[PDB]
Each structure stands twice: as C-alpha cells, then as structure tokens.
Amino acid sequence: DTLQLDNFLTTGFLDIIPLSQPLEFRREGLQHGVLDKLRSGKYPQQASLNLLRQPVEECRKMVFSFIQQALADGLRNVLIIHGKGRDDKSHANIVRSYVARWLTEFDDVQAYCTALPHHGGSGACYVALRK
C-alpha cells in the first residue's frame, strides 16, 4: 500500500539542518560492507527521486511512495534530489531537513550521506536500502 493513509512520515518540530552540516546517518549493527554501497553504488535514473520545486506535503507523498516502490523493486540504493539552498530557511534546506528525518523512519533505510558532485553534490543524497 502506497496509499497515503499508510504514510507514517512525520512533520512538525522540524529540526532544521544548518547548511554547514552534511546529511549523514548510519544505523547501528550494519554489516562491514554497507557503507561502500553508498559510495560505489550504481545510481541509474529510475533509482533517483527529483524533489526540486515541490511543496513540502508533495515531497512527503513522493518520498514515501518512491521508497515503497524502490523496496518493492529490490533497489539497494537510491538517490534523492532536494536541491541546494542559499540559507538555513530556504525551501531546499527545509526539504533537505525533512528528507533527513523521513529516511530514518523507514525500517529498511540503513544509511544515507551527501552525494558526490557528479550526482548533484550537496543538493542530493545517497540512500542505502536493505535488500
């Protein structure tokens, strides 16, 4: 069910991430190789989610639906594109901050981190997904 009544992603009391802080998250108890999955992973177009100029509620529906889809298709890593902001309260950084929280709310998300520049750099993040 990518029915939105099942959308457990939360809003409110957003913990805004400063522009000087990258996106990084790693669950305890992962296998030795998981993090190289982030770096040396394959990110084709269908493994990526483009959130540029999407309102926050639309981002919440897309991320939920996209991660459900990616898991159903056996994707082990995905790219999320939120964009680069000019200040902490710009839309891109608000989106980035919500994406940071939402990814930790999925049981099957192992880790994430800021992308390399050839995958959008500080405007995107790599996400490791449990197979």
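Note that residue numbering begins at 1 and tracks the sequence as displayed.
For the pair 24-32 and 83-91, the record assigns the higher mean C-alpha temperature factor to 83-91. When the C-alpha B-factors of 60-68 and 36-44 are averaged, 36-44 comes out higher. Sort the modelled residues of the chain by CA B factor and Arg76 lands in the middle third. The PDB entry assigns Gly120 a C-alpha temperature factor belonging to the middle third of its chain's modelled residues.
For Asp15, the recorded CA B-factor ranks within the highest third of the chain. Only modelled residues enter the ranking.
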